[PDB]
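Chain naming follows the written order as A, B, C, D, E and F, and within any one chain the residues start at number 1.
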């Protein structure tokens, strides 16, 4: 039950870590300044209530870390940047609870609008800290088509296991760890207008319990931006 | 005419440096965090208009660096701190200008109120970036007794040459450099409520010129907090 | 799950043993006779019913072993004596039970009478095998002031962790073992009129459970007098 | 943590330095010196606070995660705290206690 | 840095443990008794009640005033010593009972008492009986301190007040004990009123 | 040849820094207080104001007169000590507060106080705030000096005057400072009237 510290933060943590595409995050006219101190500290988001009827959730990064301290602060100051995003998901469920989650990262998860003719106004995709829930049936309007069985992208939700993923089976384990080594074509991009990957958590087997147990299971997401670097503000020589 | 850079700032700079009391600033339950990156960068204050009738100026540090970027920002975050304060004064005067300045630092320069019976309300001592001028005659009210011939402290202004000082004689040199190695009894103090030293600039020989020259001489003060360190925010082991 | 035998008795027994003040019981005109055979055997007291409303219990030794076989029998025959008292406390609680006990020994635990003006008549302190319970509120009469928040002694019950103590947290462990190496000024004292220490068991977090579980948790106390010795009855040479 | 062995959850213990203000939300407490203490995993959480000498530090606790419990175990739990010296404590000028009159 | 947190630095310092007066001429008001105990001063009692067993030597310094040249006898009887019942009782002349003869104007008298217990340490707490009486043992008995004017008489009426300063020396303590929460009711027993653990607070936050 | 120009030879010499009287029988006029500061005497204040930071030990010698044998208690409270509000206040009996008991006719009493500051040196000047109040810090706090007659009463009325001689010992000073030009207005602050640099002259020649 080793607990790892990192910065001024510490989290308590089946030590099975999934490294996205087998590559670990690394560094790299042009002059990048990298802040090793801070940024790397764990940023624990608010826990989500997983219930019998919960269809799913998704977060879009780096924009989900918009208000998370110095890392979000750096996003405003620096035009360009890149990071590595260790993600810890800890279900925290009792033995008498049953369920199964897919924790998957899906880089460049372009989503489709509900009303096909028109496009969504830029805030149906993402709010910073709060997740966006999926839906059980089709929806209409100028919001993202958030129906599971398609995961908002038009692909099947069953064969969405090709991305960096982890399975949380409350029977076996309650934890997940995924490492996402900055997948992008350009070496640096603007964090505000570009979403590198979309952490979405989808229950394949729904939560179930008997009448005495707690009606929910709170899922906690923790993000540590690893090897974050930006552009150089100061003049070259 | 060597120009020294420091951080993202550069100033162009008679390379005679006065080290206060012959000691150079140095470092040091208790755990101090020191920020080497930033802070040390030169903080150039607004230039002051030196005229025939100008009696003097004073700044109180560290409180004069209250709004100067990260150093002033750190003062809010950290309860305790200490710094070293290289001070550059560059008169920038023509050959046809005459005058003589005393640039002196005066640690723990406690000042006296004009109306002796009552005390000043805490803002007659210091405003952050703007200096406080002396006066030519006695004054009355709840403000600092700012009459030169006493320098606000009750001592004679002539024998105020015992502190770390430099003489700027426009005939000889227009520059001054003083280093003040954090004079204090306690090793760390609260920057907001304690004034470590008072940089005061006093014209002994007044500015003089003929009718064609500029009616003033602008004096530029530049402060670099050296070896600044603070207290440790994070929990000990 | 090693079970240790001792004499004609055997008990089944987190092998964390607390040795009182880091000293193990040892031996020593005057001629002491020590009975190695017998005496050392475990003397299991009657179990106590721990409930939601149970405030605490205390035993006074050696007088609690007054009727416990040969050890109690020796107390009558021999004027002087000393012993070492390994104490085993085994809560025996289910996983679905929650609670926290302080098992502490408190040498020379002088107690105060309820009615301050008058003193108790010598039997409010101790009955041999049966424990004395604390009370939740103040009491009146000629009995020991048995209100927890003071433990009968006038000190605070929270900072009563300075004596030889053990914590029984039903979440973690259900057992306690304390060794008390005969704390006394005189090397031998009369067991009948002197109480060497007072084993008191105090619930800090109360017992709690749901409706199907057993309404109580029985706490079992086991005492083995180690290295007991007495005075010599027979004439010297 | 003095709750049932079947219970689990997370509590966020945040320490704020003497100069800093007390956090108002769990998010502002997370953006500082804190430790997310998993109650189901480990039952004890130790932290040594520096700069305690003579506006001091504040230690707070927040529900990161509600106490998840099976049908058999009781929902309400208790937490005990233990303060002690962190192996220094130099004391210099002895005076009289302000407790006894 | 914690040198002053030692037992000698903590326990060992003189305190004015006994104030009394005694007239020179006129019955039982002509001398002062003070059976020696550590339970007299409430401030010194709280310190000695942090340890179950203590072992120390005693150095006392009497401070005598008055209201001829006055000479005072401070007679210390050991725990088995004969006690006077009158100022002129023969027990003042006992050789066994050491006494100082101090005349006024000189440095105050100082008498030093060793560890005189029968056991190996004084007990701050005794959970047991004398037979009897609870909480009392004869092992932590330190004697009495009988003080009088050796002068036969005076034409004027003279009343002399004496202050006794009690300083433990070479202190050794065993078995730490929590400091007392409740106030003291009586000087002989340990009886208390149920008091609150700590001052209250508006909420838990 | 400049041996006497050292700080010890300059600063270290005893001066009569406190004159006060206190009656023996009759309220608040029966004892003397004198919070210890270097700003009492104007001649000694000018010397301590040549250095920003000073570090020294204190040796005081009280000189007590009067107008029975009189005994006086000079009680020194440390900077955290309880202060008496009446002559009979319990705070006189505190063990923590060291006190001397001097009876009249003997050599005058002498008490020595170490460097008791929390910081590393006493401050002659403090440019800063307590929060508040300007120029005041609790780092250069040296305690108080409560003085009374230990005698309960006297038939006559006795008034005793005490002189305190303050001598710094093992002086260490830092950061020289110009000597003060203007006179002193108040004993707590540094406020002054604008004075001339030097006495005038008829001409420049």
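The rule is short, and it goes like this: a residue touches a chain if its C-beta (ideal position, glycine included) is under 8 Å from a C-beta of that chain, and two chains touch if they have at least 3 such contacts.
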item: Neighbouring chains shared between chain C and chain D, ordered by label; value: E
item: Centroid comparison with chain C (C-alpha atoms), farthest chain; value: B
item: Interface composition of copies chain E and chain F: same or different, split at half; value: different
item: Centrality ranking, top chain (CA atoms only); value: D
item: Distance from chain D to chain B - Cα centre to Cα centre, in angstrom; value: 44
item: Interchain centroid distance [CA atoms averaged], chain A/chain E, Å; value: 74
item: Distance between chain centroids, defined by C-alpha means - chain B, chain F (Å); value: 35
item: Interchain centroid distance [CA atoms averaged], chain B/chain C, Å; value: 71
item: In chain B, residues with contacts to at least two other chains; value: 233-235
item: Residues of chain E whose C-beta touches two or more other chains; value: 43, 179
item: Touching two or more other chains - residues of chain D; value: 6-7, 32-33, 35, 70-72, 88, 93-94, 96
item: Listing of all chain pairs that touch each other, if any do; value: A-B, A-D, B-D, B-F, C-D, C-E, D-E, D-F, E-F
item: Footprint of chain B on chain D - complex, ascending; value: 15, 17-20, 32-33, 35, 47-51, 53, 55, 86, 88
item: Contacting residues of chain D [partner chain E, same complex]; value: 60, 88-94, 96-97, 99-101
item: Chain C partner contacts - residues on chain D that touch it in the complex; value: 1-7, 43, 70-74, 76-78, 80, 82
item: Contacting residues of chain E [partner chain C, same complex]; value: 52-53, 118-123, 125-135, 139, 174-182, 185-186, 189-197
item: Partner chain D, residues of chain B touching it in the complex; value: 29-31, 76-79, 231-237
